[PDB]
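Participant: From first to last, the protein sequence lines stand for chains A, B, C, D and E.
Taking UniProt numbering, I'd label the letters of the first sequence as residues 2 to 53.
Taking UniProt numbering, I'd label the letters of the second sequence as residues 1 to 101.
Taking UniProt numbering, I'd label the letters of the third sequence as residues 2 to 138.
Taking UniProt numbering, I'd label the letters of the fourth sequence as residues 2 to 118.
Taking UniProt numbering, I'd label the letters of the fifth sequence as residues 1 to 112.
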Amino acid sequence: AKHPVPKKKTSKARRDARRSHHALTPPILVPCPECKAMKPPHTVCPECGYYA
Amino acid sequence: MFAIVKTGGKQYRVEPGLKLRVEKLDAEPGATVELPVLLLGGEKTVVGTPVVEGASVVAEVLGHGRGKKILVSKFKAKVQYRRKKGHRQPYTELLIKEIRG
Amino acid sequence: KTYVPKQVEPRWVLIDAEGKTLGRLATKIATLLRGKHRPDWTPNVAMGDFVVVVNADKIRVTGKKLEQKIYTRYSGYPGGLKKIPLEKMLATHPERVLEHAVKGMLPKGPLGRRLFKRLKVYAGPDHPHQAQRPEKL
Amino acid sequence: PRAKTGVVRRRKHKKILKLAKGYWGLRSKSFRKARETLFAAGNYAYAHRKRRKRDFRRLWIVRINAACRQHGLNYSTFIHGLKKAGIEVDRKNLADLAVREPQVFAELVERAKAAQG
Amino acid sequence: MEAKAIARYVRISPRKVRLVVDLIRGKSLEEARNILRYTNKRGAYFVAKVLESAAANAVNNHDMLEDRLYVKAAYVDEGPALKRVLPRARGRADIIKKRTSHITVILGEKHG
RNA sequence: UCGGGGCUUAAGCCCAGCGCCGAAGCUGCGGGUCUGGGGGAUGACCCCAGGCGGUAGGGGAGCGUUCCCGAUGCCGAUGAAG
RNA sequence: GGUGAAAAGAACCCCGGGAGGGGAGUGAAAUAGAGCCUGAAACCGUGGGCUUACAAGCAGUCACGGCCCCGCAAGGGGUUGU
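(1) Name, please, each residue of chain A whose Cβ falls closer than 8 Å to the Cβ of E:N34.
(2) Taking C-alpha atoms, which residue in B:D26, B:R88 and B:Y81 lies nearest to B:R66?
(3) Let me check one thing: in DSSP terms, what residues is B:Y12 bridge-paired to?
(4) Pull up the distance between the alpha-carbon of D:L18 and that of A:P7, whole angstroms please.
(5) Could you tell me whether any Cβ in chain E is nearer than 8 Å to the Cβ of A:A24?
(6) Across which residues does DSSP place B:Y91 in a beta bridge pair?
(7) Mapping DSSP to helix, strand and coil, what is E:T104?
(8) Whose CA, out of C:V122, C:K59 and C:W42, lies closest to the CA of C:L91?
(9) Three-state secondary structure (DSSP) at C:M106?
(10) So C:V103 packs on C:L120, CB below 8 Å; how close in whole Å?
(11) Where are the alpha helix (DSSP H) runs, 4 residues long or more, that stay fully inside the region 6-75 of chain E, in chain order?
(12) Comparing the C-beta of B:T32 with each C-beta of chain D, is any distance below 8 Å?
(13) Who are B:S73's beta bridge partners in DSSP?
(14) Cβ of D:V63 less than 8 Å from any chain C Cβ?
(15) Please report the residue range of the alpha helix (DSSP H) in which B:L25 lies.
(16) DSSP state of C:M90, grouped into three classes?
(17) Beta carbon of B:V61, beta carbon of B:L25: below 8 Å?
(18) Have a look at E:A5 and E:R11 and give me their C-alpha separation to the nearest angstrom.
(19) Between the C-alpha atoms of C:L26 and C:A18, what's the straight-line distance to the nearest angstrom?
(20) Look up B:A31 in the DSSP assignment and give the residues it is bridged to.
(21) For chain C, check one thing: does any of its Cβ atoms lie closer than 8 Å to the Cβ of D:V105?
(22) State yes or no: is the C-beta of D:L95 within less than 8 Å of the C-beta of B:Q11?
(23) State whether the region 74-86 of chain D contacts the region 7-23 of chain B, with contact taken as three or more CB pairs (one from each stretch) at a distance under 8 Å.
(24) Which residue from C:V62, C:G77 and C:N56 puts its Cα closest to that of C:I71?
(25) Of the residues B:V22, B:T7 and B:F2, which one's Cα is nearest the Cα of B:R13?
(26) Please classify E:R18 as buried or exposed, where buried requires at least 16 neighbouring CB atoms within 10 angstroms.
(27) For C:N45, collect the residues of the same chain with a Cβ closer than 7 Å to its Cβ; drop the 5 residues on either side in sequence, then sort them by chain order.
(28) From the DSSP secondary-structure annotation, give me the bridge partner or partners of A:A24.
(29) Are the beta-carbon atoms of B:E93 and B:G63 separated by less than 8 Å?
(30) Grab me the residues of C:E68's own chain with a C-beta within less than 6 Å of its C-beta, minus the 5 sequence neighbours each way, in chain order.
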């Protein structure tokens, strides 16, 4: 409310424009040796385990 | 041959036979009108004095018809002045046949 | 219904400069930069003769222009108005004086910038002996 | 007897939104922001038909001027003859004869010339 | 054939789930299960449970093969607002919009 | 920074001509409506000439909405209103 | 304030803790599925055609071109580069 405020409603085209890099990059995964299952890199995950 | 006939206020070149739409005439629906008004030719005929003293181009009236309604919309701002006007300019269809010189 | 031309092939032109008054050579260079000389004319498609100029560093210019003519270029920062006369222009990159002359006489807008990649000024003479070179006077 | 709006206002609204197809953003979704644009259009189209006329007087002329320049005379001096020799033929529109049938433009030239001076 | 499945009246913001959704367009169904399974967003919990039901009706009612269906298309529509009043300095009270989503998925046999 | 480029026996000034560009002015062609005139016993309608930027504002003619007479009627599942 | 002629208000199966959907079924109609007849506009989205990363703007408008689209043809639309 106080001092600074928008001088103009943001044109949809400019709103949807500012969104540009909103999208989220899907998680990085790789198969693991133990199981045929998916894991993130450098992470110990269920249905498997490790070695020492 | 290139015959440069003037009609209905304008001037149009024409071929030995050709579809062309000109200014509304006072012609029978399907009669024949010579446009003795013709300049130049397809074999060199500079119209020395404006129009050729002895030549012609024969055209059939393929039938009239209206125009496609255009919209003249006068508007002056700051003061309520709106003018909505339709206007379809009429015409006739002139099918070109002869160009006999 | 007026003729509206199709695809064309450009006609690069070999133009001197030695002795040729600036603007006089500027104008023609530009009138040719479009196609105002070719009644196959069209004011939007862009098909001007690729103007090519050699020995541009050799352009006579009137009165006392050399010491007098002042090209003004302004950056963004204050006092950024760099003031540069002909004298300095010729002795450095001379080909550029006859550039701004012509670019500053071309249609100002998109195809105008097209009508600039057409301009091929040099100093030598000598230029890209390429493929075309019709020497005009 | 009370008379509601009902069909009337909407109808006359959307009767205008149609004329608004193609207009950028709120210009073509907002009734109110559309009308203005049309008010502008009306005037534009109207003053631009008076423009189209010249928009051609020019093109034609240029080509004429360049054309006959390759024959050795100015546009000014071109008409000078077309009227001196008398040939009011070449209406500037059908002055495109500088392209098609140029040998028919040439006989027009030698007409202007030797008939002028 | 194609197989729908819509989770309506879902109490989570539409712009918010709208990402997770597009994060799995035209992707191997089996890859999608993956993609969201390690995707860091609350939205995941939803687009996945509607994904699971999406393949369900694909195999159970539309004799499609589970080993070869993908996320044909999947969009999230904006369902009815859920306004709550919010006290605020000096007596001003902002209405606030807890929104909701209508998450939809549809799958299709691999090829042919 | 003369609008800019650029301009020097000029693309400046003065004097003398010729041509051309150049508005929605004028002309050509068609059409709108109106005032006036002629033919038309004829109404109809035809033709001729002229007017038609416009705020306050005056004047004329229409459109659409609600309801009434027309209604104990006509349209309406083969589909009313929206 | 409004489902529907009638609750005939969706058994059972399927995913899901639920909400909620998908089939099956009721019904002439279920895009009449329950704040449910009609479903307008703003507003939010998904797919497609055109289009944009040297371009300067009251966003429109003339003019031409490319593309895409109905059409024997002439043509009409959508877009928009200059």
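Note that the Cβ used here is the ideal one computed from N, Cα and C, for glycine as well.
Facilitator: The short version:
(1) Stepping through the fifth sequence from its first residue, residue 34 of chain E is reached at position 34. What E:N34 touches in chain A: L30 and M39.
(2) In the second sequence, residue 66 of chain B corresponds to position 66, counting from 1. When the alpha-carbon of B:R66 is set against those of B:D26, B:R88 and B:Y81, the nearest one is in B:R88.
(3) Here residue 12 of chain B corresponds to residue number 12 of the second sequence, with the count starting at 1. Partner(s): B:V5.
(4) As a first step, residue 18 of chain D is located in the fourth sequence; it is residue number 17 there, counting from the start. As a first step, residue 7 of chain A is located in the first sequence; it is residue number 6 there, counting from the start. Rounded to the nearest whole angstrom, the C-alpha separation of D:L18 and A:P7 is 29 Å.
(5) For the purposes of this step, residue 24 of chain A is identified with residue 23 of the first sequence, where counting begins at 1. Proximity of A:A24 to chain E, defined by a Cβ-Cβ separation below 8 Å, is satisfied.
(6) Numbered from its first residue, the second sequence carries residue 91 of chain B at position 91. Its beta-bridge partners are B:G65.
(7) Here residue 104 of chain E is taken as the residue at index 104 of the fifth sequence, counted from 1. In this structure, E:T104 counts as strand in the three-state DSSP scheme.
(8) Position 90 of the third sequence, counting from 1, holds the residue named residue 91 of chain C. When only C-alpha atoms are compared, the closest one is C:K59.
(9) Indexing the third sequence from 1 puts residue 106 of chain C at position 105. In the structure shown, the three-state DSSP call for C:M106 is coil.
(10) The sequence position of residue 103 of chain C within the third sequence is 102, counting from 1. The sequence position of residue 120 of chain C within the third sequence is 119, counting from 1. Right, their Cβ atoms sit about 6 Å apart.
(11) You should have 14-22, 29-37 and 44-60.
(12) Taking the first residue of the second sequence as position 1, residue 32 of chain B is located at position 32. Interface residue (Cβ-Cβ distance to chain D less than 8 Å): B:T32 is not classified as such.
(13) Translated into positions along the second sequence, residue 73 of chain B becomes position 73. DSSP lists B:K84 as partners of B:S73.
(14) On the fourth sequence, position 62 is the one that residue 63 of chain D refers to. Yes, D:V63 counts as interfacial toward chain C.
(15) Mapped onto the second sequence, residue 25 of chain B falls at position 25. It is not in any alpha helix (DSSP H) - B:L25 carries neither H nor E in the DSSP assignment.
(16) Here residue 90 of chain C refers to the residue found at position 89 of the third sequence. Three-state DSSP puts C:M90 in a helix.
(17) Counting from one through the second sequence, the residue named residue 61 of chain B turns up at place 61. Counting from one through the second sequence, the residue named residue 25 of chain B turns up at place 25. Taking 8 Å as the Cβ cut-off, B:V61 and B:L25 qualify as a contacting pair.
(18) On the fifth sequence, residue 5 of chain E is found 5 positions in, with the first residue counted as 1. On the fifth sequence, residue 11 of chain E is found 11 positions in, with the first residue counted as 1. Computed Cα separation, rounded: 17 Å.
(19) For the purposes of this step, residue 26 of chain C is identified with residue 25 of the third sequence, where counting begins at 1. For the purposes of this step, residue 18 of chain C is identified with residue 17 of the third sequence, where counting begins at 1. A direct Cα-to-Cα measurement between C:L26 and C:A18 gives close to 7 Å.
(20) For the purposes of this step, residue 31 of chain B is taken as residue 31 along the second sequence, with counting starting at 1. According to DSSP, which records beta bridges pairwise, B:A31 is partnered with nothing at all.
(21) Position 104 of the fourth sequence, counting from 1, holds the residue named residue 105 of chain D. It does not: the Cβ of D:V105 has no partner Cβ on chain C nearer than 8 Å.
(22) By 1-based counting over the fourth sequence, the position of residue 95 of chain D is 94. By 1-based counting over the second sequence, the position of residue 11 of chain B is 11. Yes, the Cβ-Cβ distance between D:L95 and B:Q11 is below 8 Å.
(23) Of all C-beta pairs linking the region 74-86 of chain D to the region 7-23 of chain B, fewer than three are shorter than 8 Å, placing the two stretches out of contact.
(24) Reading the third sequence from its first residue, position 70 is the one you call residue 71 of chain C. Of the candidates C:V62, C:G77 and C:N56, C:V62 places its Cα closest to the Cα of C:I71.
(25) Numbered from its first residue, the second sequence carries residue 13 of chain B at position 13. Out of B:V22, B:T7 and B:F2, B:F2 has the C-alpha closest to the C-alpha of B:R13.
(26) Along the fifth sequence, one-based indexing puts residue 18 of chain E at 18. Taking a 10 Å sphere around the C-beta of E:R18, we find 16 or more other C-beta atoms and assign the residue as buried.
(27) Your numbering for residue 45 of chain C matches position 44 in the third sequence. If we look at C:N45 and ignore the five residues flanking it on each side, its Cβ neighbours are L112.
(28) By 1-based counting over the first sequence, the position of residue 24 of chain A is 23. DSSP lists no bridge partner for A:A24.
(29) As a first step, residue 93 of chain B must be located in the second sequence, where it is residue number 93. As a first step, residue 63 of chain B must be located in the second sequence, where it is residue number 63. In this structure, B:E93 sits near B:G63, with a CB-CB distance shorter than 8 Å.
(30) By one-based count along the third sequence, residue 68 of chain C stands at place 67. Closer than 6 Å at Cβ, skipping near neighbours: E88.
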